[PDB]
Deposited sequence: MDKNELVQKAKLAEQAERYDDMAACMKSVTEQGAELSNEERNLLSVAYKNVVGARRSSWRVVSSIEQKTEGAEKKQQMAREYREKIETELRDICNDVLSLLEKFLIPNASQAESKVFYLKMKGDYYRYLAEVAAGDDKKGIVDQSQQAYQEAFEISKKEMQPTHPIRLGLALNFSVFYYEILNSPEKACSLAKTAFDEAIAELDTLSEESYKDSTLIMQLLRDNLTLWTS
């Protein structure tokens, strides 16, 4: 399977909702070492989002059951063991994505748009590791997530317009990092509100649907977190 063929396969897999197949294809395209097109970048992101997402969803159910059963040490041990099984799958997915980002995607990123996208992505996957991390390793994983988001944030602020969907998307995920991982709701609200207001101010420079959708998500989090 050569590049164009692997991309058409990934697109078939997407249509079939066979996301592990989709991820395998785009991993192989990425490993050929050439900078990904915008289309290929999105295919990779969609694939791994769904692959990791399935495990995250499962983890939340099994972790919720574990702690909603007071006593009954046979059933709690089972849920704990199944959570751990799911965690191993999730960690290996995140480490595969994070290895692709270090080796290929971030160093080859020749546009600010691309570099911000991949650094945001690095922040996300370290955040998914942080969701599942045990106390000892957690602080290091959380700092790795924060630094990836922060570098992405610096670059988008300098290079991209406030209405750009990748700049707005970064503000959404980084604000979520602050609220959910760092337990810093004031910082989360400040980041979200600033991104929203700066986008509102610069509505002259737009081209659209994605941008205003993310702005709505930002304000929804503000109202949720304010109450």
Map the modelled residues onto the deposited sequence and report the uncovered stretches in sequence order.
-> 208 to 210
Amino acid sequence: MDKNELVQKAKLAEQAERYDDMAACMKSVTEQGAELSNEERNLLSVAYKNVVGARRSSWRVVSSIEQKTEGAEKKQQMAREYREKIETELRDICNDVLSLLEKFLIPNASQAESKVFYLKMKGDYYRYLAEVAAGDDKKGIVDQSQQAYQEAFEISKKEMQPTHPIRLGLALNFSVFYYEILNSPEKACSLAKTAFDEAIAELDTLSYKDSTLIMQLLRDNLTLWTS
From here on, numbers count along this sequence of modelled residues.
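Rigid core (definition): largest C-alpha set, two forms, superposition within 1.5 Å.
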Segment of greater CA departure in 7 other deposited structures of this protein, 196 to 204 or 175 to 183, core superposed | 196 to 204
Residue 71 left out of the model in a third or more of other PDB entries = yes
Which wins on mean Cα temperature factor, 134 to 142 or 94 to 102?
-> 134 to 142
Stretch with the greater mean C-alpha B-factor as recorded in the entry, comparing 73 to 81 against 152 to 160 = 73 to 81
With respect to C-alpha B-factor, does residue 203 fall in the lowest, middle or highest third of the chain as deposited?
-> highest
Lowest, middle or highest third - CA B-factor, residue 53 = lowest
C-alpha B factor of residue 169, ranked within the chain: lowest, middle or highest third?
-> lowest
Among the chain's modelled residues, which third holds the C-alpha B-factor of residue 32?
-> highest
The third of the chain into which the C-alpha temperature factor of residue 190 falls is the lowest
